[PDB]
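Given next, in structure tokens, is a single chain: the form deposited in one PDB entry.
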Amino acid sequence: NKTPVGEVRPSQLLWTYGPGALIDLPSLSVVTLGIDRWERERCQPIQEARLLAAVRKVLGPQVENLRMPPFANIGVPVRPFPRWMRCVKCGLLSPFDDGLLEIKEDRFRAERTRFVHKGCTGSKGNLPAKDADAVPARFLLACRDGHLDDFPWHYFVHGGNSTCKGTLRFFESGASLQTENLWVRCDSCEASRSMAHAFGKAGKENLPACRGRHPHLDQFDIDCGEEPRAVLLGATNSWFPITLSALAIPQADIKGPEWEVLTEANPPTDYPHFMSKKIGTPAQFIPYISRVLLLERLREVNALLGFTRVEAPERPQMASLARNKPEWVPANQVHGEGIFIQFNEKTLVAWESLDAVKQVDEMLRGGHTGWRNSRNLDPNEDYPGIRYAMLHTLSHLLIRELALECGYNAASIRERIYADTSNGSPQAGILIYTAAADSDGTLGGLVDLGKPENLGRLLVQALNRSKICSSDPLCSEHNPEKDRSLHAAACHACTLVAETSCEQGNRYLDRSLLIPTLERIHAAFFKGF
């Protein structure tokens, strides 16, 4: 009753795919099921207590262990979605479970499995009967609170409710130059409409209310008061993960003992997976940087707890993984290497009390208040600070320059910032490590660039590039108090990285805090460059 389809690397089950995500395969598309229908007896545990005690606080004391992905029919279970398809030859639109579509397979070469329209005879129906290939339809319906469901084709095409029971087609522009237009036509009523009327301001007047379908649980809620939104197949704004990661340090916030250990006078080197060296400090950067520390052996474990649909997360908007309170969560671990940069305390405290810094801080706090009002949340909590924006911007620029100079892949590199200032133990420093176990610069390639002959050149080129952006007069004039954004003077063409690398989600970033820009001068932290 089951059949193989394909394979994926075990890294992507906690960052791109996972229990709830659309998977665009070469021949079809599926959605991963939840975890109480997984084979528990074939998952190898991972021993890590300092993260288990963090997951148990959030999800309750019943959580048991962290378990690796399951590894001649053993694998991750999926199910076809969306459940409507299209025919290549006759251009027909019909759900999979009317009975008019059939499934072909070949077991030794499972990547060639597809659906077929049995007995296709042409659009008019005047050719010898054969079999043609069936492809999915590429629009869905997303709800902010966590629901995804099929697009309502019949209601959309008939302009509301109707009694008709005909069939449907797709039509195109018929010109050689228009490329994106689509049309849906009824064979009996001759009702015709276009797909443009589902996006924009016209979407509110034309689409119906949410139904409340969690596809991976096979379960319906009663009603949903939120408004719906239409999304494409395979777009990046359809699944976001919730993650919690830790570093394997020698032996109740996560990041407390990490800062305590990494900035000791003599960082220990007797544990097998933690080994550090104290090489150097560059020439131009004496007053700012106090310590630069290399890590030759590093280890990081992860976990996965939930997901959200339309907007990145900031707990009533999060959706669970199982039917009840779960009993284990997926996990992962990677052995790698990293670079740790520490900054000078007195230089920072001197820079915190200037004037233009205070004006920029007031602007950002006004923007934060504007953002948190529009989503019904407490507007006086969880503000990071002004130090965070500066350090975080510098980190994003450094990662971009590591990719540009050395030819690396962008997703291979991960950041981690330390800027808490609440309990009287001030922090300042960034970390950069390696994402994958088979990535670029894996075998000692990143630690090569931690020597003072290369890091200064990388820093100088990183800072001198960001003086004028490629979308420049409108980028520096951007004011976040006007329209409730969390960024100011930080666009796609100068500051943002891929969603795998980022720790926060492109929130709280500004580049005029670092160098003189086209509109502000006196807010810079690095002077004379």
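Throughout, we count residues from 1 along the sequence that is shown. Take the two forms, superpose them, and find the largest set of C-alpha atoms that agree within 1.5 Å; that set is the rigid core.
The entry models residue 251 and residue 252 with a gap of 10 or more deposited residues left without coordinates. Missing deposited residues between residue 314 and residue 315: 4 to 9, all without coordinates in the entry.
There is another form of the same protein, the form deposited in another entry; it is not shown, and what comes next is about it.
Superposed on the rigid core, the two forms differ between this form and the one not shown by 2 Å or more at the C-alpha of one listed residue only; from 287, 160, 225, 272 that residue is 160. In the core-superposed comparison between this form and the one not shown, residue 178 has its Cα shifted by at least 2 Å. Once both forms are overlaid on the rigid core, the distance between the two CA positions of residue 453 between this form and the one not shown is under 2 angstroms. After superposing the rigid core, the C-alpha of residue 190 moves by 2 Å or more between this form and the one not shown.
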